[PDB]
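A.B. asks: here's my sequence, what's the structure:
(21 chains, ligands or ions: 14)
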Amino acid sequence: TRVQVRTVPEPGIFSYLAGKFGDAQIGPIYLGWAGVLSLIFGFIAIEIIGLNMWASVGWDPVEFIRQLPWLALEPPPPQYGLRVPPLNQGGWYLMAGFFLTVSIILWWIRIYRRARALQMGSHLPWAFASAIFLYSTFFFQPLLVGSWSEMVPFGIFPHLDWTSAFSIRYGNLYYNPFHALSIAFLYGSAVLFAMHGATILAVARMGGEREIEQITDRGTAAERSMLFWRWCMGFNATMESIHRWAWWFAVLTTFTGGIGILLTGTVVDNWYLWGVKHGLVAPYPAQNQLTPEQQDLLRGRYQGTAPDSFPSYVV
Amino acid sequence: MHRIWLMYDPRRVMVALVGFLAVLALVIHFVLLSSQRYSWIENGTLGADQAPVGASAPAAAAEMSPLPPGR
Amino acid sequence: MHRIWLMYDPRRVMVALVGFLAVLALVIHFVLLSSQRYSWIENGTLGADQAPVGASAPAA
Amino acid sequence: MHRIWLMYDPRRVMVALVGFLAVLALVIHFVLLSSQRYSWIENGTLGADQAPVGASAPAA
Amino acid sequence: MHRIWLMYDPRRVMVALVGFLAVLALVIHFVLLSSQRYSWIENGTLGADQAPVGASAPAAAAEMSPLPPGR
Amino acid sequence: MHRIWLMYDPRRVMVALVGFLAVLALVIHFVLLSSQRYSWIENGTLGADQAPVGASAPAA
Amino acid sequence: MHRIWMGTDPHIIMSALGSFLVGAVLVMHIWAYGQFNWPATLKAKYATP
Amino acid sequence: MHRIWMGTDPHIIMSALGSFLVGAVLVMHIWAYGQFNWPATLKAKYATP
Amino acid sequence: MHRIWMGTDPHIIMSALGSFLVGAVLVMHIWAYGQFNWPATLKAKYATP
Amino acid sequence: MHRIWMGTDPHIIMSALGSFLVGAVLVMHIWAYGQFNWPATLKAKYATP
Amino acid sequence: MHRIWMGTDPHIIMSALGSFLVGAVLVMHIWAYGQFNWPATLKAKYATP
Amino acid sequence: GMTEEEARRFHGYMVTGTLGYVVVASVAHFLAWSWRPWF
Amino acid sequence: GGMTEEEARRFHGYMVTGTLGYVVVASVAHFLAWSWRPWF
Amino acid sequence: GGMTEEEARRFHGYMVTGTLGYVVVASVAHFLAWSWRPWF
Amino acid sequence: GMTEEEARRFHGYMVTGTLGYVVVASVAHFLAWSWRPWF
Amino acid sequence: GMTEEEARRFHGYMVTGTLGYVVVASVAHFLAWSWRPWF
Amino acid sequence: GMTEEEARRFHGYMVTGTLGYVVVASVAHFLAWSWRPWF
Amino acid sequence: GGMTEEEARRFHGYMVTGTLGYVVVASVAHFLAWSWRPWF
Amino acid sequence: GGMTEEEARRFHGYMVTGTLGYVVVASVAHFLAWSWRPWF
Amino acid sequence: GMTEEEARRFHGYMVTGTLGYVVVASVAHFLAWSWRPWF
Amino acid sequence: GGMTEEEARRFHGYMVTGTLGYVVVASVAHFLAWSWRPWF
Ligand code: BCL
Ligand code: BCL
Ligand SMILES: CC[C@H]1c2cc3[nH]c4c(c3C)C(=O)[C@H](C(=O)OC)c4c3nc(cc4[nH]c(cc(n2)[C@@H]1C)c(C(C)=O)c4C)[C@@H](C)[C@@H]3CCC(=O)OC/C=C(\C)CCC[C@H](C)CCC[C@H](C)CCCC(C)C
Ligand SMILES: COC(C)(C)C/C=C/C(C)=C/C=C/C(C=O)=C/C=C/C(C)=C/C=C/C=C(C)/C=C/C=C(\C)CC/C=C(C)/C=C/C=C(\C)C(=O)O
Ligand SMILES: COC(C)(C)C/C=C/C(C)=C/C=C/C(C=O)=C/C=C/C(C)=C/C=C/C=C(C)/C=C/C=C(\C)CC/C=C(C)/C=C/C=C(\C)C(=O)O
Ligand SMILES: COC(C)(C)C/C=C/C(C)=C/C=C/C(C=O)=C/C=C/C(C)=C/C=C/C=C(C)/C=C/C=C(\C)CC/C=C(C)/C=C/C=C(\C)C(=O)O
Ligand SMILES: COC(C)(C)C/C=C/C(C)=C/C=C/C(C=O)=C/C=C/C(C)=C/C=C/C=C(C)/C=C/C=C(\C)CC/C=C(C)/C=C/C=C(\C)C(=O)O
Ligand SMILES: COC(C)(C)C/C=C/C(C)=C/C=C/C(C=O)=C/C=C/C(C)=C/C=C/C=C(C)/C=C/C=C(\C)CC/C=C(C)/C=C/C=C(\C)C(=O)O
Ligand SMILES: COC(C)(C)C/C=C/C(C)=C/C=C/C(C=O)=C/C=C/C(C)=C/C=C/C=C(C)/C=C/C=C(\C)CC/C=C(C)/C=C/C=C(\C)C(=O)O
Ligand SMILES: COC(C)(C)C/C=C/C(C)=C/C=C/C(C)=C/C=C/C(C)=C/C=C\C=C(C)\C=C\C=C(C)\C=C\C=C(C)\C=C\CC(C)(C)OC
Ligand SMILES: CCCCCCCCCCCCO[C@@H]1O[C@H](CO)[C@@H](O[C@H]2O[C@H](CO)[C@@H](O)[C@H](O)[C@H]2O)[C@H](O)[C@H]1O
Ligand SMILES: CCCCCCCCCCCCO[C@@H]1O[C@H](CO)[C@@H](O[C@H]2O[C@H](CO)[C@@H](O)[C@H](O)[C@H]2O)[C@H](O)[C@H]1O
Ligand SMILES: CCCCCCCCCCCCO[C@@H]1O[C@H](CO)[C@@H](O[C@H]2O[C@H](CO)[C@@H](O)[C@H](O)[C@H]2O)[C@H](O)[C@H]1O
Ligand SMILES: [Fe+3]
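C.D. replies: Residues are numbered from 1 along each chain as shown, chains lettered A, B, ... in the order given. Ligands and ions are numbered 1, 2, ... in the order given. Here you go:
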């Protein structure tokens, strides 16, 4: 540390090369046609969201900053189903969702084209495709249950309100087995990157961070990395294949997540009762017991429409 | 005016222009399709004096309801 | 007065100006379209004597 | 006073100034637009004697 | 006192000073604007005697039993 | 006592001093502004006898 | 007394003095219009009943 | 007293003076239309009942 | 008097003057149409009862 | 006593003195206008009934 | 006695003394206006009912 | 960068294009005002 | 680097002429307007 | 840079002439205004 | 890197543009005031 | 990059395409106006 | 900045301007006093 | 490098004058604010 | 640098004179004020 | 690094500025006390 | 650095004189104030 080198002519043969790696231009941050369109479409999505949020505090710029994390652009009302809603009642929402979705897909194309231009494997766009898959289930599951009202509101705390209410509506998402699997891969991704980051830093003195050299021409840094884990837990990866474990654990997080969302409300409407059926639910002693009259008295109603009048009670 | 193409690479400009026209046309069509007066897919066959006027109220529909009947 | 273009690259100033005006035009149209008085897609055919005004009706 | 432009590059100063003025002007317009008294898009036609006024002292 | 400008860069102190004064000026205006007495955009046309004033100590027992508002 | 400025650099200390005083002054003003007794922007024109006072002991 | 101007710039001095006079004159007129009830009497003379 | 103009640029003087005159004239007219009840009497002359 | 034009581009002068006149004339006509009640009396003359 | 000015800049002295005089005079006039009931008696004289 | 000034700077002394006097005089007047009933009796002398 | 006359040529287009756009916007406001005045 | 003095002398004469022409046409306009709807 | 004394002397003559001419026209305007609607 | 000659030249425009901006803002304020006073 | 006469050639098509596009848009608006006017 | 000879010329006009301004203002106040005296 | 002492005196003279001129207009701003709506 | 003794000598004369002039005008102001509305 | 000659001159200003600040703050406190005492 | 003994001799003389002038003025102020409103 604190003996930095500084390179005046271009590294890659501080500063950066202007040049080519074959088809790939080097120098500027690569956009291409798909990147430019992605930024245009995505900018309009961001603008629609922000202008709707700002309009919802009556254009007040102080309240716009003060209340920002509570502001929402909110999906359509439920009784429209999949029909086009009024502009102020979710029409802007669906428009922002459309441009955001196009922008994401154009960004995927931009990444896919750049990987091929740099003569690299396709691993990164298929990893990004797993994230896009989960994102798209927030469109397809509302579609499969038949109403755009079930979509996720654009907003910091509002989308967390939706996340809680989704688990409530479908009877506790902890008992969704694909949610449980998605968490196992999310935690496993933290386990792996902690283990791997610490491993490579522990052998960095021996050139272990030069992972491509260690893959093509195994050094003592790779050998010590393999022996540490073999001696610790009885089995080991290689300098290459640890990156496959990493890749699959990240990818399976959003892939199993997306399946869990698609199943919810379409195949299972109450995951806790599915858990009871399949033997997941641990028994506890009863906290209360209803009499047969209470079983009729304490059933409620399903929630209906809001009252559209202001009754007088003149009596 | 032609020297604008010496200042800006037309190969870059045309992509931005097409992108701008694409988002603009799509915004306007979605705006109209969500309006009352111009929701032409549902109501395009109405005559001009039959079409909605003045329907600017922000909550024209109920916000809260069950989903429509599943079958 | 033209020496401003020796001081700044006009190739960048024009892009900044065009981007600023495009965003500003979009903001103003959105603000108006969100209003009641200028909700012109729904109410543009109203004459100015019966367009909305931001006041409460007298004596209710 | 013109020696001040020897101490600061006007390329830097004017970009900062134009940015400040544009942001400040937008903030002021939107502060006015969201007030009762100056919500001119809805109520600009009213005339000064019947524009809103914030409530006088509660001790009234 | 001028030797302070040997101790500090006279170019950079100016940027620090203007930045400080701008932030302080904005803070005081927004503190005032959010107040009731000095919400001048809504109530600036009020005379000083009729501008709002914050709550006061009752200057009494704070105990005298109430009477209903006249019907 | 000026020998203390052979130990500590005036450049470092005068920045640290101005910083500390500015933070301390600002903390005290906002502490007072948040109080009932000294919310002077709303209540600064009240006389000393009219200003709020915190609750005494009842002793009974 | 003229020695006070040595090392000053005329255009600074006239710009400062000009800014002062414009500010002072406008402050004084706006104050004066409040006290003297003019143009308020002028307006009343030609106002429509 | 012409020496005041030395070192200046005549286009800058005309831009500065021209700006001031436009501003001053408009403020005076906006103010005068408020006091003199004109064009309000003109408008009332040709208004329709 | 002519040499105020020196160093300027005649096309900018004609552009500034031309655009000023367009704005001024449009403002004057919008204002005048309001005071003089014309074309309002034109419209009423040919309007269908 | 003049020796006190040695090593000073006279423009700073005139600036500091002038800024004190402005501040002092304004405080004195706000205060005096309060105590003496003037211009309040001036406004009352020319006020409309 | 004068030896006390050796090693001082006269501007430092005059600025310190000038500061203390301005502080002392202001405090004494603010205090005096509290105890003596003045300017309160002056204000009441010219106040209108 | 630009030469001085090359900047002078650009400034001619830039100024005239600005004032042209302001003239078109002026008529747009004339039409909007005639349709629905905001004061 | 714009107009030289002889260009400016030429340009001034035309600008004077155009301004006089504009004012003359406007003088006829105001005379007609005064005959139609006098404003004092 | 900018104006020399000879340019300044020449410029000043027109500037004075313009200022006086503007004051003259304004003086007529005020006389007409006063005789139309006196303000004191 | 400004010369003192360029700095003098630039300052004349900066003063002029500032004065033009202040003049327009002054007319804008007096229009706003006469339509709806804030004091 | 591009030469001036090559820019002149390209500009002629840009003008022509823009005009043709604005013409189609003008017919589209007048059809829409005749069907359901917005003022 | 101004030399001592420049300062002497500037002072002469500055005094002349200041005095003339005060003269005109004195007439303005006498007229104002004759119209609406303030004590 | 750094600041030469004759430049520092020139800079200080401006800086102090500017500071005091700012305080002067802020003084008038408080004079106007106080007479519109005093805070004590 | 700052003022020499000779500069300070003649500066002091003008500064004393200006102060005495200011006090003279203020003395007349108070005499008129006392005549108008005495405060003791 | 600094000389004692400079340290002498610095400390004089430093202590004088401390005194001026303490003086102003003392007037500020007595004004505040006179307006609304806290004991 | 700082003031020498012969400077300090001269400075002390004025400092004493100023202080005596201040005390003389303040004495008149208190004699007038006592005559106006005795505080004991
Ligand atoms: C009360 C709340 C509920 C609950 C409700 C939900 C719901 C509802 C969901 C999850 C989901 C997830 N939950 Mg759970 N969850 C709860 C409790 C937990 C607990 C815990 C300790 O209790 C944990 C660790 C988790 C963990 C997890 C993750 C495993 C999983 C999300 C994976 C992922 O990467 O998403 C983050 C990744 C994404 C969202 C992908 C985004 C990719 C796109 C392409 C990014 C675009 C960016 C864009 C261009 C940027 C600009 C945008 C504009 C600004 C708008 N939950 C309880 C039971 N949980 C999700 C899931 O898969 O469920 C099965 C899901 O939908
Ligand atoms: C070509 C060089 C100059 C020019 C030269 C002239 C000349 C010469 C005349 C005018 C005239 C006018 N111009 Mg011009 N004018 C220019 C740029 C402008 C711009 C602008 C946005 O830059 C505007 C708003 C104007 C506006 C105007 C009006 C004030 C005026 C009335 C006619 C008119 O508007 O026709 C519509 C014009 C426009 C919207 C401008 C663009 C059209 C073309 C490219 C340029 C002007 C053509 C001119 C009007 C034709 C004159 C015919 C004569 C018989 C010779 N001009 C260019 C930069 N202009 C006339 C006048 O003074 O009438 C009182 C006049 O005789
Ligand atoms: C394997 C599962 C995990 C995953 C993976 C993942 N995400 C990825 C990738 C991968 C492998 C990418 O390669 C991709 C990426 O680009 O990464 C940097 C991406 C990405 N993951 C993202 C976010 C993200 N990922 C998340 C999660 C996850 N990502 C999972 C945990 C989350 C969560 C937890 O909520 C978020 C929010 C993005 C940072 C990025 C995709 C970026 C994208 O699609 O952008 C589209 C464009 C816009 C949003 C518009 C921006 C508009 C500008 C701000 C406007 C500025 C003005 C503009 C210049 C105007 C136009 C003018 C034109 C002329 C230019
Ligand atoms: C309603 O309430 C409120 C609004 C308050 C009411 C109040 C309103 C007020 C205050 C209005 C004020 C208006 C005003 C005041 O001045 C208005 C001023 C108007 C003016 C100035 C008009 C001038 C017009 C000039 C024209 C048309 C000139 C044309 C010239 C031409 C065609 C010649 C071109 C050819 C040339 C040059 C030769 C080139 C040679 C070359 C190059 C060569 O030879 O090289
Ligand atoms: C309502 O309530 C409130 C508002 C409170 C009431 C109070 C209001 C108040 C206080 C008003 C005060 C107003 C005022 C104060 O001073 C007003 C002052 C007005 C002034 C200064 C007018 C000046 C006019 C000057 C003119 C027209 C010049 C014309 C020049 C021309 C035509 C060209 C000259 C020649 C050139 C350029 C070429 C030269 C040669 C060259 C270059 C060469 O040869 O090289
Ligand atoms: C809640 O509170 C709330 C409600 C918010 C209340 C608010 C409160 C506050 C805190 C407001 C603050 C306001 C403020 C400061 O503080 C405001 C400060 C404003 C300022 C400074 C404005 C200045 C504008 C200046 C302009 C436009 C200049 C333009 C110049 C031009 C065009 C010429 C360019 C140069 C040329 C052409 C020459 C090139 C030649 C070259 C290169 C050559 O020759 O080489
Ligand atoms: C209401 O309740 C509370 C507020 C409590 C009540 C109590 C109030 C109190 C306590 C008030 C006390 C006030 C006070 C106390 O001291 C007030 C002191 C006032 C003073 C001192 C005023 C002095 C003014 C001096 C002036 C105008 C001088 C001008 C000089 C001029 C024009 C000459 C300039 C030219 C020069 C120099 C030549 C340069 C030559 C050069 C360079 C050369 O030759 O080189
Ligand atoms: C809510 O209730 C809570 C808050 C919680 C209760 C608790 C309160 C607590 C704990 C308070 C603590 C207070 C405190 C503790 O330390 C307070 C300490 C305060 C202090 C130290 C103040 C010191 C100020 C000093 C100043 C301003 C100096 C200015 C210097 C100047 C102007 C000189 C400028 C010129 C120079 C330098 C030239 C040099 C020459 C050179 C270079 C040359 O000549 O070469
Ligand atoms: C209400 O309740 C509570 C508040 C509790 C009640 C109690 C209050 C209490 C306890 C009050 C105590 C007050 C007090 C205590 O000490 C008060 C002490 C006051 C004093 C000391 C005043 C002194 C003033 C001195 C002055 C004005 C000097 C001016 C000097 C001049 C004009 C000379 C200028 C020339 C010079 C210098 C020479 C340069 C030559 C040079 C350089 C050369 O020759 O080189
Ligand atoms: C002037 O510029 C301003 C100042 C306004 C710019 C500032 C803007 C600001 C401050 C913006 C702030 C944005 C924030 C804070 C956004 C927060 C967003 C969050 C947290 C979002 C979280 C989740 C959202 C999700 C999952 C949304 C998913 C939506 C989907 C999948 C929608 C898809 C829609 C599709 C595919 C299609 C719709 C159209 C159809 C085909 C149905 O036809 C009608
Ligand atoms: C800068 C160039 C672009 C200018 C763009 C337009 C700016 C708009 C403001 C210009 C001036 C407006 O001018 C003002 O117009 C209003 C419009 O109601 C007229 O108002 C009058 O006539 C109209 C006619 O329709 C009636 O509806 C109205 O009841 C009556 O009061 C005023 O008599 C006139 O003084
Ligand atoms: C819809 C109508 C209203 C909007 C009109 C928009 C277009 C502008 C109208 C005026 C057109 C003529 O405008 C004029 O064009 C010429 C070139 O022809 C420009 O001329 C510019 O380039 C030429 C070379 O080509 C240079 O020699 C010249 O110094 C420079 O100014 C002028 O700067 C501009 O003022
Ligand atoms: C919008 C503003 C409205 C309110 C009024 C503001 C008033 C501002 C007062 C400005 C007075 C300028 O007066 C004086 O200018 C000169 C140069 O001209 C500066 O002089 C400065 O530079 C010169 C060299 O040129 C040095 O020799 C000198 O030591 C230094 O102080 C002074 O520092 C300043 O005191
Ligand atoms: Fe790795």
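A.B. asks: and the residue of chain A found nearest ligand 2, its phi and psi?
C.D. replies: Residue nearest to ligand 2 within chain A: residue A:40 (29.8 Å; C-beta to the nearest ligand atom). Where C-beta positions appear, they are placed from N, C-alpha and C, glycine not excepted. Taking degrees, to the nearest 10, you get phi -60, psi -50 for the backbone angles of residue A:40.
A.B. asks: repeat that for the one 10 residues further on.
C.D. replies: With angles defined as degrees, to the nearest 10, residue A:50 shows backbone torsions of phi -60, psi -40.
A.B. asks: just residue A:154 next, same as before
C.D. replies: Main-chain torsions, residue A:154, degrees, to the nearest 10: phi -80, psi 110.
A.B. asks: ok, the residue of chain A closest to ligand 2 to residue B:19 distance?
C.D. replies: Distance, residue A:40 to residue B:19, using C-beta to C-beta, to the nearest Å: 4 Å.
A.B. asks: and what of residue A:41?
C.D. replies: Distance of residue A:41 to residue B:19, given as C-beta to C-beta: 7 Å.
A.B. asks: out of these two, name the residue with the larger neighbour count.
C.D. replies: A direct count of neighbours by other C-beta atoms under 10 Å in any protein chain shown for residue A:41 and residue B:19 places residue A:41 higher, at 23 against 20.
A.B. asks: which residues touch the residue of chain G found nearest chain M?
C.D. replies: As assessed by C-beta to the nearest C-beta, chain M sits closest to residue G:46 within chain G, at 13.0 Å. With contact taken as C-beta atoms under 8 Å, 6 or more residues apart in numbering or on different chains, residue G:46 is in contact with H:35-38, N:37.
A.B. asks: from the residues you listed, which land in strands?
C.D. replies: Secondary structure from DSSP state E places none of those in strands.
A.B. asks: closest one to residue R:33 out of those residues, please.
C.D. replies: Residue R:33 lies nearest to residue H:35 out of those, by C-beta to C-beta, at 27.5 Å.
A.B. asks: the closest one is in contact with residue G:39, isn't it?
C.D. replies: Yes - using C-beta atoms under 8 Å, residue H:35 is in contact with residue G:39, at 4.7 Å.
A.B. asks: which residues do those two both contact?
C.D. replies: Common neighbours of residue H:35 and residue G:39 (criterion: C-beta under 8 Å, 6+ apart): residue N:39.
A.B. asks: those two: which is more packed in?
C.D. replies: Using other C-beta under 10 Å, the more surrounded residue of residue H:35 and residue G:39 is residue H:35, with 19 against 16.
A.B. asks: grab the nearest non-local neighbour of the one residue in chain B that gets nearest to ligand 1.
C.D. replies: Across chain B, the shortest distance to ligand 1 (C-beta to the nearest ligand atom) belongs to residue B:23, at 15.8 Å. Nearest residue to residue B:23, sequence neighbours excluded (C-beta to C-beta, 6 or more residues apart in numbering or on different chains): residue A:44, at 5.0 Å.
A.B. asks: host element of the one you found?
C.D. replies: Using DSSP states H and E, residue A:44 maps to helix A:32-56.
A.B. asks: and the next helix or strand after that helix, what does it pack onto?
C.D. replies: Following helix A:32-56 in sequence order, the next helix or strand is helix A:61-66 (DSSP H and E). With contacts taken as 3 or more C-beta pairs under 8 Å, 6 or more residues apart in numbering or on different chains; DSSP states H and E, helix A:61-66 sits against helix A:32-56, helix D:10-33, helix E:10-34.
A.B. asks: any residue of the shortest one touching ligand 10?
C.D. replies: What that stands for is helix D:10-33. No - residues of helix D:10-33 are not located near ligand 10 by C-beta under 6 Å from any ligand atom, the shortest gap being 8.5 Å.
A.B. asks: run through who's touching that helix.
C.D. replies: With C-beta under 8 Å, 6+ apart, helix D:10-33 has contacts from A:59-62, C:7-8, C:20, C:31, D:5, D:38-41, E:22, E:33, E:41, O:2, O:10, O:14.
A.B. asks: what's near enough to touch the residue nearest to residue B:23?
C.D. replies: A:99, B:23, B:27.
A.B. asks: what of residue A:259?
C.D. replies: Going by C-beta under 8 Å, 6+ apart, residue A:259 touches residue A:178.
A.B. asks: so how far is the helix or strand harbouring it off the chain centroid?
C.D. replies: Residue A:259 belongs to helix A:241-263 when elements are defined using DSSP H and E. Distance of helix A:241-263 from its chain centroid, counting by C-alpha atoms, centre = their mean, to the nearest Å, is 11 Å.
A.B. asks: and that helix, what's buried?
C.D. replies: For helix A:241-263, burial by neighbour count (16 or more other C-beta atoms under 10 Å in any protein chain shown) applies to A:242-243, A:246-263.
A.B. asks: hmm, it touching ligand 1?
C.D. replies: Yes - residues of helix A:241-263 contacting ligand 1 under C-beta under 6 Å from any ligand atom: A:253-254, A:257, A:260-261.
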